[PDB]
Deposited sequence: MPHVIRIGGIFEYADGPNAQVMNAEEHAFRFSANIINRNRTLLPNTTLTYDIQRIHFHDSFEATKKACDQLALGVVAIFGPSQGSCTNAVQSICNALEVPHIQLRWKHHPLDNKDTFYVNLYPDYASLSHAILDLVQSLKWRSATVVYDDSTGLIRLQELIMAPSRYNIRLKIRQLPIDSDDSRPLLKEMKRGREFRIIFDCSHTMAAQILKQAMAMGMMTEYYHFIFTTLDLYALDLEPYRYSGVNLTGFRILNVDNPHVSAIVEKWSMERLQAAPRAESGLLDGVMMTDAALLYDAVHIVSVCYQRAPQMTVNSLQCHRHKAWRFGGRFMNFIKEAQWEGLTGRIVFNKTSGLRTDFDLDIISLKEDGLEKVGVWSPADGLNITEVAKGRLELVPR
């Protein structure tokens, strides 16, 4: 028996890209592991259709989503952008095939699509986990530095802190033109802002650290908190002995033996090298959709046509399994809110930079709050 899934990935070169990125590789990686796994889909071969497209091309994303639907798939692991994903989301809702999302995207409440889940930990919860950390460090003031216009929406639960708890916090945006953040850092330095929360990509975080050291802000006077769940992927050796306090989060359950086995195996496969959060969530996504097909009553992949009208009769029940799903993945205990389909409940590691290196100094969940 053969079952098929669809993946759409964004590449700087679109369809012409010749070298495979980590998302797509993680995809192919997890499909292969499930096919060598004797306990999961033992008699079914999990195959895929992979489509490569330019960044920020909704139209192209629509064209490929329809192609895959015509080819027949049980789910579409939609594109990684926020604009491209809100087009495939609508299509998956019309044709009733599950859409799987890996990165935070804005879900307007007044938007009534239900045919999706989202594996990235919800930013409302993340904002709370940051607040519990900050209240625990006793900070009475702090600055929030975010990258793109979207940070304010992601951090709204955090920005509305002054009106609840007693912490005055300033708010600054990294330059849109340049990725030279020195002029900003000069302003924070002059402003004696010593406790800072940086919301931004692991890439941009590496830059900010390098440049904070150039500005003489990598000392015992400073405490940085990073929102990136890929903190453990930064080379922090050049900053290890400076004496800065540096704290962030980790959702990847490294303390678990079979997870470490998978991350090691993953890096052995890489040719460009750790497993970042993007790949780990996709590996978990492909597993949840597989595990769910197995517990779902027998269904078939149907060729659906976007211009046509027919929907997928099995979709509704399948989507329900996925939502109700609860599975232990690389990124720990996985579960979605049943109505929103968002991953608003999860477990975080609180990690902190020591001389000896990054160290797990606690944990957090929405129910138990902080625990150091």
**OP:** Provide the list of deposited-sequence positions lacking C-alpha coordinates, grouped into contiguous ranges.
**Re:** 1-2, 275-285, 386-398
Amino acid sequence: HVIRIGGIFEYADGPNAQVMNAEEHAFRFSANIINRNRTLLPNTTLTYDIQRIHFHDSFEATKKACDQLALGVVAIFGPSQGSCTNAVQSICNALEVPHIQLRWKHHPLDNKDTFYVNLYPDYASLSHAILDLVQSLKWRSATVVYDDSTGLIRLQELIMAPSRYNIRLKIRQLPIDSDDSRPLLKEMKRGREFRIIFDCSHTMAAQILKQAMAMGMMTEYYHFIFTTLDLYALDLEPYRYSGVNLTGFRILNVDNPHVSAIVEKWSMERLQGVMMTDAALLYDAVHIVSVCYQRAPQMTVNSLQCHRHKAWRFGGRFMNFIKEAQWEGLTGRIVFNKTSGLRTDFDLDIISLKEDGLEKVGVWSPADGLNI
From here on, numbers count along this sequence of modelled residues.
Original post:
Should the higher mean CA B-factor in the entry be assigned to 158-166 or to 68-76?
Top reply: 158-166
Original post:
35-43 versus 58-66: which one carries the higher mean Cα B factor per the record?
Top reply: 35-43
Subject >> Identity of residue with top Cα B-factor, from 247, 203, 149, 101 >> reply: 149
Original post:
Reading the B-factor column of the entry, which of 216, 257, 238, 243 has the highest value at its C-alpha atom?
Top reply: 257
Original post:
Which third of the chain does residue 358 land in by C-alpha B-factor: lowest, middle or highest?
Top reply: highest
**OP:** Going by the recorded CA B-factors, say which third of the chain residue 312 sits in, lowest, middle or highest.
**Re:** highest
Original post:
Is the Cα B-factor recorded for residue 273 in the lowest, middle or highest third of its chain?
Top reply: highest
**OP:** Give the position of residue 228 by CA B-factor within its chain, expressed as the lowest, middle or highest third.
**Re:** lowest
Original post:
In terms of the chain's CA B-factor thirds, is residue 339 lowest, middle or highest?
Top reply: highest
